[PDB]
Amino acid sequence: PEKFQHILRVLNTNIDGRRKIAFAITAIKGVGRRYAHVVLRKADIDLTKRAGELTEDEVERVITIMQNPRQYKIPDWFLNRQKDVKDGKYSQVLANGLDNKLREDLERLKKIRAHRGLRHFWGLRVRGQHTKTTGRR
Amino acid sequence: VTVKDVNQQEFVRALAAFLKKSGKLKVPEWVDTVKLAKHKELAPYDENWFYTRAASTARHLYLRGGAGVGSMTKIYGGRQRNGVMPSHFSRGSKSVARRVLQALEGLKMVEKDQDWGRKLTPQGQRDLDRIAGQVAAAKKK
Amino acid sequence: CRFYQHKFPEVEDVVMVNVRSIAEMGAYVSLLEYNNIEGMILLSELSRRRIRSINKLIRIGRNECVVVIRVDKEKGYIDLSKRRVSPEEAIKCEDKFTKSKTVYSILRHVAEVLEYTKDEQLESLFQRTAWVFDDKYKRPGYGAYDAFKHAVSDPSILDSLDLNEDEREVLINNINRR
Amino acid sequence: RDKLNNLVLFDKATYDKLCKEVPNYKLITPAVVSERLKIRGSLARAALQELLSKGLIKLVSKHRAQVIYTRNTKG
Amino acid sequence: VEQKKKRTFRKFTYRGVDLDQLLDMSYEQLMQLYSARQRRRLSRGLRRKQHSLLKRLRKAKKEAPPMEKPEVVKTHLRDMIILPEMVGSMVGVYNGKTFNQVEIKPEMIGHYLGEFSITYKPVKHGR
Amino acid sequence: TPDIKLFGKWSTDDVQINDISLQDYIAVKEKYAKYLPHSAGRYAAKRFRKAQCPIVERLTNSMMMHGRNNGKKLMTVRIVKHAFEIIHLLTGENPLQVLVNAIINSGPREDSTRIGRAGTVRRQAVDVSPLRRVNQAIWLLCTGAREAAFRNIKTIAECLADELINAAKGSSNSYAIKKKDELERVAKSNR
RNA sequence: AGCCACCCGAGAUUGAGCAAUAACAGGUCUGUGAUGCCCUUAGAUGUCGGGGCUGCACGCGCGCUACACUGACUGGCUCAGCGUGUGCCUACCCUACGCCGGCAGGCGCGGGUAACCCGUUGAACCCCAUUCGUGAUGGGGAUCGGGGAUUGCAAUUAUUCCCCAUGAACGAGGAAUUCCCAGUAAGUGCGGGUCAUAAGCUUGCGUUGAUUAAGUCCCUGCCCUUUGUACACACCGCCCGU
């Protein structure tokens with residue numbers, strides 16, 4: 001019966017009562033259901049509740065934690081990119097910046113023309129698994 | 001008696017509070033962010049399962065002659081969901097389950113004994129049968 | 001809803017249904033002369049002769065000029081016929097429905113012309129506009145009385161359907177628009 | 001196929017209705033509450049716990065899938 | 001055809017080690033430093049008796065003048081991650097039918113020689 | 001208990017078995033006084049074992065279909081005993097007796113078997129077995145339960161209780177009332 | 001000759017083992033130092049290195065995961081059975097326990113060819129508390145990322161594991177099609193095999209466990225005759241005339 005708290009913004013998305021808080025944090029890139037589970041627990045927030053509650057001041061702390069993973073003890077392994085090819089330490093990348101770095105890996109791998117890039121550019125599958133019947137229809 | 005005469009799901013929670021009544025249960029440095037098991041799609045809701053897991057361990061070691069690291073790792077895990085592949089039983093983390101064991105050994109709830117590992121402490125045989133009566137007198141499932 | 005004041009079809013009511021989705025024995029087809037009300041076809045009796053084919057490019061969304069055998073006014077099951085049909089040709093009811101789509105669509109905003117659609121107070125919307133023709137006896141009567149309205153320049157503002165907004169901002173342009 | 005959403009906000013307008021739809025309530029599951037209101041079904045549970053805390057309704061089932069409540073003892 | 005600030009606009013660390021520092025490093029450090037797949041190549045493979053080719057890599061780099069690339073250093077192996085002393089050699093990489101000669105650069109460090117040589121078509125079917 | 005055995009949380013007594021043909025295919029208190037519906041874990045050992053199994057036990061059996069839900073009676077008897085609770089809080093009646101009435105109005109009277117006539121579709125006005133009348137009652141009751149829950153906030157128990165109550169008295173809101181009549185439609189129909 | 005019924009019951013009810021007659025241009029020379037005729041034979045067809053067997057607008061099969069609430073979640077409860085496992089002639093285990101690491105895994109030993117240890121094999125389903133609320137939703141995990149273990153002399157063409165993250169079709173599946181009557185269907189895990197690493201393969205296993213014939217030749221195939229045959233290699237046969 002607690003209505004009056006329903007506006008939140010986690011980067012470039014609106015985070016209202018649609019699901020649980022953490023699962024509503026999952027609208028952006030670099031933030032999965034387990035990574036959103038952690039940042040709210042690094043912020044000590046019950047992710048059980050609703051994002052139509054829990055106003056932005058908690059979330060502005062959550063903004064500081066998703067931008068600073070290792071600084072808030074989101075450790076080196078938990079990251080979407082560990083020890084990256086760009087910003088070479090252990091960076092959890094976020095909503096709009098991961099879409100850069102996912103391309104920035106593969107666009108580099110074609111300038112290097114490594115096998116990851118050569119498969120990805122030629123319409124081929126990056127993975128060496130079978131593409132005779134799958135990866136198509 | 002045993003602790004098998006009293007309610008086991010009350011027992012893993014009344015002894016969990018008893019390990020909170022211990023005040024320390026020697027938690028690892030990594031429960032806010034861990035996988036903690038390759039079975040689990042999500043990180044735990046809290047950290048207070050660790051009391052319950054040791055309340056589930058000390059009940060388990062009350063019945064054994066002694067057990068340790070590999071034995072706890074089959075208890076709390078289950079089907080490892082293999083995604084596009086068939087799911088299968090395996091064992092998760094062996095560090096935090098050992099951290100459970102060194103805690104109850106450190107609190108003398110269980111203790112390194114025969115049969116390769118930790119059996120009950122006699123203080124634990126008190127403190128389990130103490131809170132067994134606390135389990136039994138409260139409710140009987 | 002519908003521009004018929006009557007809710008349901010009657011016995012041997014030649015009705016124009018809407019083939020929404022084909023089902024197990026047949027298709028749960030919904031009437032459109034009467035609002036959206038579901039009826040059924042085969043197994044029993046819809047066809048007369050045996051040539052053993054149903055469609056080549058006929059995809060979905062058809063309309064069936066069918067005759068009500070059984071109607072369940074309480075339970076909601078309307079059994080339909082075409083095997084009995086020697087004289088109930090499909091062209092007459094559909095061209096009547098091609099009018100009666102527009103005869104309904106004229107009389108269902110209304111709600112002085114935006115139009116909206118949807119929705120006003122739906123039943124009271126039709127007692128003022130759509131069913132007041134159906135109240136106006138007979139049923140061949142408001143075949144012409146509605147046609148008296150959408151003969152718009154012969155004349156516009158004559159005999160009643162002076163209900164209800166006034167109506168007259170609809171009655172000038174929205175009759176010509178719908 | 002299906003695409004439905006209740007209001008996933010804790011809603012006073014539903015819950016004050018829930019406190020006032022309560023004599024119609026005798027079979028009170030959160031899904032009934034989520035359909036008699038637009039409360040979530042998740043948040044129906046916590047709202048009925050508040051309505052349990054009022055003592056107007058009473059648990060008759062408590063299963064991990066779904067609880068069931070019941071307004072005063074027999075009716 | 002050589003080390004850093006040349007054949008590298010793709011700067012800082014490829015996997016955790018900056019190529020700018022790496023070319024001043026030795027690869028006995030690089031296998032220790034943030035190069036796990038290279039580590040399994042350089043610790044378990046462990047300098048895998050291609051030394052006559054490795055001599056030839058340093059022979060043809062020496063025999064050619066250092067302002068230019070080496071003449072030809074063909075290999076049959078394609079499992080070779082480019083080392084900082086390797087950087088500059090025009091390495092013929094065999095795909096089981098043909099030798100593919102690749103000049104190896106500060107950007108390509110960490111990549112196998114079978115990643116620049118191909119054994120496979122960008123598949124056509126009349127496509 | 002040695003005087004009378006009841007249901008696990010209800011009463012096998014005060015059950016009104018009120019059909020003509022369905023005597024001794026519907027019994028919960030006559031020989032089948034069970035707190036726990038489970039006979040031996042098989043019910044197809046004999047053709048006789050159908051009438052041996054009561055309707056309260058076959059309901060726990062005929063629910064677990066739909067291969068992810070097959071091999072789960074412990075989930076089922078949970079949801080089944082949940083569904084009796086959802087009956088009584090909607091009814092007040094004995095939810096077994098609601099289930100017992102649910103077999104009554106869902107059992108057909110005359111059905112049709114296939115026959116051929118001049119290339120055209122005719123079907124023979126035939127009775128079905130009171131064994132089948134129960135088996136056409138239960139299977140249509142078991143269909144509307146999992147289906148209506150399958151994309152709804154309601155669990156199967158809430159949909160099954162609504163399936164039993166609207167078939168205890170035919171309301172045409174349970175799946176079993178609505179599909180019995182189409183079976184009975186063809187008998188007075190063709191030829 | 002047999003049936004039905006019931007008694008007992010393990011009842012006149014387990015599942016396989018197993019094969020007549022005859023047939024095969026069934027398949028296998030690449031299982032075979034079973035192989036005729038050959039080929040080549042030191043220039044090999046005896047070899048090593050590298051690669052392809054993986055490739056995809058696609059045709060098909062088999063599997064598998066999916067499509068939520070009996071589901072996902074977070075945990076907690078706890079019940080197997082079949083086997084097997086180092087000390088082996090071309091390469092080698094089960095692992096308690098003790099430890100470190102989220103995990104990956106590392107690791108310390110010791111036990112045990114074994115109803116002795118692994119392993120009181122305390123498996124999964126289950127079972128409960130939840131959070132979730134039927135939202136391509138958290139169902140789904142495709143795809144891919146960065147990085148880390150691990151196996152190998154070599155994985156690159158991601159061998160494999162993991163970590164997070166990018167978070168797909170799919171919300172029930174047409175034409176068609178498959179199977180099957182009780183521990184059966186299904187679900188569930190598990191053991192055995194191929195291995196240096198490397199299963200959605202496979203054979204077993206228990207486990208949870210349905211509805212349904214309980215009949216029939218209707219389909220369909222098979223046996224059993226008669227009948228006609230222009231068929232006889234036998235109707236995919238014949239066989240006409242334009």
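Since every read-out is calculated from the coordinates, none of them should be taken as a lab result. Positions of Cβ are backbone-derived with ideal geometry, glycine not excepted, and every protein chain shown enters the neighbour counts.
Assess whether B:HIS39 counts as being away from every other protein chain (no Cβ under 14 Å) and either within 15 Å of B:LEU120 (Cα to Cα) or over 16 Å from the mean Cα position of the chain (by Cα) (or both). Can you show your working first?
Numbers: away from every other protein chain (no Cβ under 14 Å): no; either within 15 Å of B:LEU120 (Cα to Cα) or over 16 Å from the mean Cα position of the chain (by Cα) (or both): yes.
Taking the combined requirement at face value, the residue does not satisfy it.
Condition check: more than 12 Å from chain E (Cβ to nearest Cβ) and surrounded by fewer than 17 Cβ atoms within 10 Å (Cβ to Cβ). Does A:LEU102 satisfy that?
In short, yes.
Name the pairs whose Cβ atoms lie under 9 Å apart, with the first residue in the stretch A:1-22 and more than 11 Å from chain D (Cβ to nearest Cβ), the second of a type in the set (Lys, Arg) and away from RNA strand G (no atom under 14 Å from the Cβ), and 6 or more positions between them or separate chains?
Listed by first residue and then by second, the contacts come to A:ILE15/A:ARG9.
Considering D:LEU51, D:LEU37, D:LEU4, D:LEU56, which residue is hydrophobic (A, V, I, L, M, F, W, C) and within 9 Å of RNA strand G (Cβ to nearest atom)? Show your work before the answer.
Numbers: D:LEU51 fails: within 9 Å of RNA strand G (Cβ to nearest atom); D:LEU37 fails: within 9 Å of RNA strand G (Cβ to nearest atom); D:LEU56 fails: within 9 Å of RNA strand G (Cβ to nearest atom).
Matching residue, one of D:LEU51, D:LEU37, D:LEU4, D:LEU56: D:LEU4.
Quickly run through the stretch B:24-62 and pick out the residues that are more than 6 Å from RNA strand G (Cβ to nearest atom) and surrounded by fewer than 16 Cβ atoms within 10 Å (Cβ to Cβ).
B:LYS24, B:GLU29, B:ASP46, B:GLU47
Please specify each residue of the stretch F:1-57 satisfying the condition of being surrounded by 13 or more Cβ atoms within 10 Å (Cβ to Cβ), in a loop (DSSP other than H, G, I, E, B) and of a type in the set (A, V, I, L, M).
Selection gives F:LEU6, F:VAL15, F:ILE17, F:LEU22, F:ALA27, F:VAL28, F:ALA33.
Can you tell me which residue in the stretch D:1-58 is nearest to the other protein chains (Cβ to nearest Cβ), limited to those that are over 10 Å from the mean Cα position of the chain (by Cα) and among the small types (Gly, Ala, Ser)?
The selected residue is D:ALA13.
Among the residues of the stretch B:98-114, write down those that are polar (S, T, N, Q) and not in a loop (DSSP other than H, G, I, E, B).
Matches in the stretch B:98-114: B:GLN102 only.
If I filter the stretch E:88-100 for residues that are without any contact (Cβ under 8 Å) to a residue 40 or more places away in the chain and in contact with a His (Cβ under 6 Å, 6 or more places away or on another chain), do I get at least one hit?
yes
State whether one or more residues within the stretch E:5-18 are part of a helix (DSSP H, G or I) and either in contact with a strand residue (DSSP E or B) (Cβ under 9 Å, 6 or more places away or on another chain) or of a type in the set (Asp, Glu) (or both).
No; the residues of the stretch E:5-18 include none that is part of a helix (DSSP H, G or I) and either in contact with a strand residue (DSSP E or B) (Cβ under 9 Å, 6 or more places away or on another chain) or of a type in the set (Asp, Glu) (or both).
Only one of E:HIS76, E:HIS51 is of a type outside the set (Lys, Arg), more than 14 Å from chain A (Cβ to nearest Cβ), farther than 25 Å from A:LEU109 by Cα and free of Cβ contacts under 8 Å to residues at least 24 places away in the same chain. Can you tell me which?
Values: E:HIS76 fails: farther than 25 Å from A:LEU109 by Cα.
One residue alone meets the criteria, E:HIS51.
Among the residues of the stretch C:118-142, how many are surrounded by 15 or more Cβ atoms within 10 Å (Cβ to Cβ) and within 17 Å of the chain's Cα centre (by Cα)?
10
If I ask for residues that are within 14 Å of chain D (Cβ to nearest Cβ) and not small (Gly, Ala, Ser), which ones from the stretch A:23-46 would you list?
Hits for the stretch A:23-46 are A:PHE23, A:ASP46.
Quick one: A:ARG50 ticks every box in (1) out of contact with any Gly (no Cβ under 9 Å at 6 or more places or on another chain); (2) buried (at least 21 other Cβ atoms within 10 Å of the Cβ); (3) not hydroxyl-bearing (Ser, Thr, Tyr) except a single one, so which number is it?
(1)
Helices (runs of 4 or more DSSP H) wholly in the stretch A:23-137 with at least 1 residues that are more than 6 Å from RNA strand G (Cβ to nearest atom), within 20 Å of the chain's Cα centre (by Cα) and more than 24 Å from E:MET108 (Cα to Cα) - which ones?
A:33-42, A:56-67, A:97-111
Which one of these is within 14 Å of chain D (Cβ to nearest Cβ), among the hydrophobic types (A, V, I, L, M, F, W, C) and surrounded by 23 or more Cβ atoms within 10 Å (Cβ to Cβ): F:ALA149, F:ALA157, F:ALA137, F:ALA168?
So the residue among F:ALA149, F:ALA157, F:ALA137, F:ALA168 that is within 14 Å of chain D (Cβ to nearest Cβ), among the hydrophobic types (A, V, I, L, M, F, W, C) and surrounded by 23 or more Cβ atoms within 10 Å (Cβ to Cβ) is F:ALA157.
Look through F:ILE87, F:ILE79 and report the one residue that is buried (at least 18 other Cβ atoms within 10 Å of the Cβ), more than 8 Å from RNA strand G (Cβ to nearest atom), within 14 Å of another protein chain (Cβ to nearest Cβ) and over 14 Å from F:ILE138 (Cβ atoms). Steps first, please.
On the way: F:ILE79 fails: more than 8 Å from RNA strand G (Cβ to nearest atom).
Exactly one residue qualifies, and that residue is F:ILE87.
Report yes if B:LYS74 is part of a strand (DSSP E or B) and either more than 6 Å from RNA strand G (Cβ to nearest atom) or in contact with a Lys or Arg (Cβ under 8 Å, 6 or more places away or on another chain) (or both), otherwise no.
No, not satisfied.
Residues that are surrounded by fewer than 12 Cβ atoms within 10 Å (Cβ to Cβ): list the strands (runs of 3 or more DSSP E) wholly contained in the stretch C:25-93 that include at least 2 such residues. Steps first, answer last, please.
Values: elements: C:29-31, C:63-71, C:78-81.
Fully inside the stretch C:25-93 and qualifying: nothing.
Looking at F:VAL77, is it over 26 Å from D:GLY75 (Cβ atoms) and touching a residue at least 60 places away in the same chain (Cβ under 8 Å)?
Values: over 26 Å from D:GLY75 (Cβ atoms): yes; touching a residue at least 60 places away in the same chain (Cβ under 8 Å): no.
No, not satisfied.
Got at least one residue in the stretch A:47-61 being touching a helix residue (DSSP H, G or I) at 6+ places or on another chain (Cβ under 8 Å) and more than 12 Å from every other protein chain (Cβ to nearest Cβ)?
Residues of the stretch A:47-61 touching a helix residue (DSSP H, G or I) at 6+ places or on another chain (Cβ under 8 Å): A:47-51, A:54.
Of the ones still in play, those that are also more than 12 Å from every other protein chain (Cβ to nearest Cβ) are none.
Checked the stretch A:47-61: no residue is touching a helix residue (DSSP H, G or I) at 6+ places or on another chain (Cβ under 8 Å) and more than 12 Å from every other protein chain (Cβ to nearest Cβ).
Is it the case that some residue within the stretch C:1-20 is within 12 Å of another protein chain (Cβ to nearest Cβ) and touching a residue at least 12 places away in the same chain (Cβ under 8 Å)? Break it down into steps so the answer makes sense when it comes.
Residues of the stretch C:1-20 that are within 12 Å of another protein chain (Cβ to nearest Cβ), as a first pass: none.
No, the stretch C:1-20 has no match at all.
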